[PDB]
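Visitor:
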Amino acid sequence: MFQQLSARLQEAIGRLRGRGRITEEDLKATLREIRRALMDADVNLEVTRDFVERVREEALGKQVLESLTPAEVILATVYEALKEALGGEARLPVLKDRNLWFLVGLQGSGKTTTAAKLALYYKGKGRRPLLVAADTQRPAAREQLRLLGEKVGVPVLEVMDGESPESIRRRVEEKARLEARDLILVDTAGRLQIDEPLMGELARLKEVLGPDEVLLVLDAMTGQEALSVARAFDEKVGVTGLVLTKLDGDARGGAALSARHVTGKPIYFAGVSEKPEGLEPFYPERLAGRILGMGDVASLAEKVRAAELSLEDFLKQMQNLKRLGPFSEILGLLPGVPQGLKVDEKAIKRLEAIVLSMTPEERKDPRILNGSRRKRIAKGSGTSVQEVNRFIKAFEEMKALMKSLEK
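Just so we're aligned: the sequence shown equals residues 1 to 307, 319 to 418 in the authors' numbering.
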């Protein structure tokens, strides 16, 4: 699981194996080693920060510097550390006599699939699920859920072209009553970007339908970008939990390890394969062990492994720079004011958002951008037509510089 981070925590735990009692200066290195592993895995900072500190702390209190098997103490420690960062105990939305959940996320995060696989899971534990295809614009989207429901053996209510939230409220809560369905899984609409109109319609649908839980589905392969999307949706709809998919395709895990601290919401289910049974209830203890090598199962990749710019890129390089701390020394040459921290966390999020509301094609070539677009983008994101146009120019220029310095 998370091969990079996994391999590295192990090299570190391992080097202490068979050495006998170690010295403090040895433990001080093992801690650095771990800190590196997390920082290179994109694990958030106060998370990495706290991870290490919780280790050094729990370790000493376990008589590390005086134990005969120091290695097995770091292992027991790094384990509980991971457990914590991942939520501690396995949680699962609490059930009732009547349940109505919302399934929100971007298009291509496995939302529609999850709906079905989630319906299938609970059916297997008694509940009488009802799936609702709530995208009033895309008939093709609804049809996909329809067939997924036929396969898992669950009923499906398809809304209608242009149906109003109140009409749906009725139709839905009427069919679940008559047919005795205690778990309603509503697959909202999903697109490749965050756009105001829909995020507004979704907000309203919630207001009207009154969901008991709102599960946000995030593709783990998208790294940090997943944590920005979490922010977009809680900020505008209200998420009650997470579902991390394509979790077997993430090599870092920085997103999953930081999701709890950064978003505050828990992880309920996580996909660990593309098999239907692949969507299993998330357990921190399991993921913890696996990361450290216990009870893990090799993944398709883990097996194959044992045998010009882009706006997306630009944003990321800034993200990676901020993370490498301040460059006091490089700034020691230029008499420019110390602490070029005009780049405060909050100033990057404005950009992280600008990109999120941009069309996928517009990110490939911001040039195509016209005025009517920036207007749009600026609205969806929560910024000014200026910040947007500015941000873009900053890119265009860096693109040309980046390009020139090649020839």
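Cβ coordinates follow ideal geometry from the N, Cα and C atoms, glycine included.
Is it buried or exposed, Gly253, if we count other Cβ atoms within 10 angstroms and call 16 or more buried?
Guide: Within the sequence shown, the letter at position 253 stands for residue 253. It counts as buried.
Visitor: Do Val78 and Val64 have their beta-carbon atoms positioned less than 8 Å apart in this structure?
Guide: Counting from 1 along the sequence shown, the entry for residue 64 is found at position 64. Counting from 1 along the sequence shown, the entry for residue 78 is found at position 78. In this structure, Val78 does not lie closer than 8 Å to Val64 by Cβ.
Visitor: Take every Cβ of the region 166-181, pair it with every Cβ of the region 125-132, and state whether three or more of those distances are shorter than 8 Å.
Guide: In short, these stretches touch, since the Cβ pair count reaches three.
Visitor: Is the Cβ-Cβ distance between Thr114 and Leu103 less than 8 Å?
Guide: Taking the sequence shown and counting its residues from 1, the one referred to as residue 114 is at position 114. Taking the sequence shown and counting its residues from 1, the one referred to as residue 103 is at position 103. The answer is yes: Cβ separation under 8 Å.
Visitor: Taking just the CA atoms, how far does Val159 sit from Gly61?
Guide: On the sequence shown, position 61 is the one that residue 61 refers to. On the sequence shown, position 159 is the one that residue 159 refers to. C-alpha separation (whole angstroms): 59 Å.
Visitor: Would you check if there are 3 or more beta carbon pairs closer than 8 Å linking the region 198-208 to the region 247-262?
Guide: Not touching, per the Cβ criterion.
Visitor: Would you say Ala226 lies against chain B (beta-carbon separation less than 8 Å)?
Guide: Among the protein chains of the structure shown there is no chain B, as only one such chain exists.
Visitor: Give the range of the alpha helix (DSSP H) segment to which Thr263 is assigned.
Guide: Numbered from 1 along the sequence shown, position 263 holds the residue referred to as residue 263. From DSSP, the alpha helix (DSSP H) with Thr263 extends over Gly254 to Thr263.
Visitor: Report the residue from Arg334, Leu320, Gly190 and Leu345 whose alpha carbon sits nearest the alpha carbon of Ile403.
Guide: As a working mapping, residue 403 is identified with position 392 in the sequence shown. Per the Cα distances, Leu320.
Visitor: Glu213 bridges to which residues according to DSSP?
Guide: Within the sequence shown, numbered from 1, the residue matching residue 213 stands at position 213. Answer by DSSP bridge pairing, in chain order: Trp101.
Visitor: Among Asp212, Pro276, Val243 and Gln224, whose alpha-carbon lies nearest the alpha-carbon of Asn331?
Guide: As a position in the sequence shown, residue 331 is number 320, starting the count at 1. Nearest C-alpha to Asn331: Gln224.
Visitor: Taking buried to mean at least 16 other C-beta atoms within 10 Å of its own C-beta, is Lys357 buried or exposed?
Guide: Here residue 357 corresponds to residue number 346 of the sequence shown, with the count starting at 1. Classification for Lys357: exposed.
Visitor: Per DSSP, which one or two residues make a beta bridge with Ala90?
Guide: Against the sequence shown, residue 90 aligns to sequence position 90. Paired residue(s): none; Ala90 is not in a bridge.
Visitor: In the DSSP assignment, what residue or residues form a beta bridge with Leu279?
Guide: Counting from one through the sequence shown, the residue named residue 279 turns up at place 279. DSSP output for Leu279 lists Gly271 as bridge partner(s).
Visitor: Taking its Cβ as the centre, do 16 or more other Cβ atoms sit within 10 Å of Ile388, making it buried, or is it exposed?
Guide: Mapped onto the sequence shown, residue 388 falls at position 377. Result: buried.
Visitor: Within the continuous beta strand (DSSP E) that includes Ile184, where are the two ends?
Guide: Taking the sequence shown and counting its residues from 1, the one referred to as residue 184 is at position 184. Unbroken beta strand (DSSP E) run through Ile184: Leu183 to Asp187.
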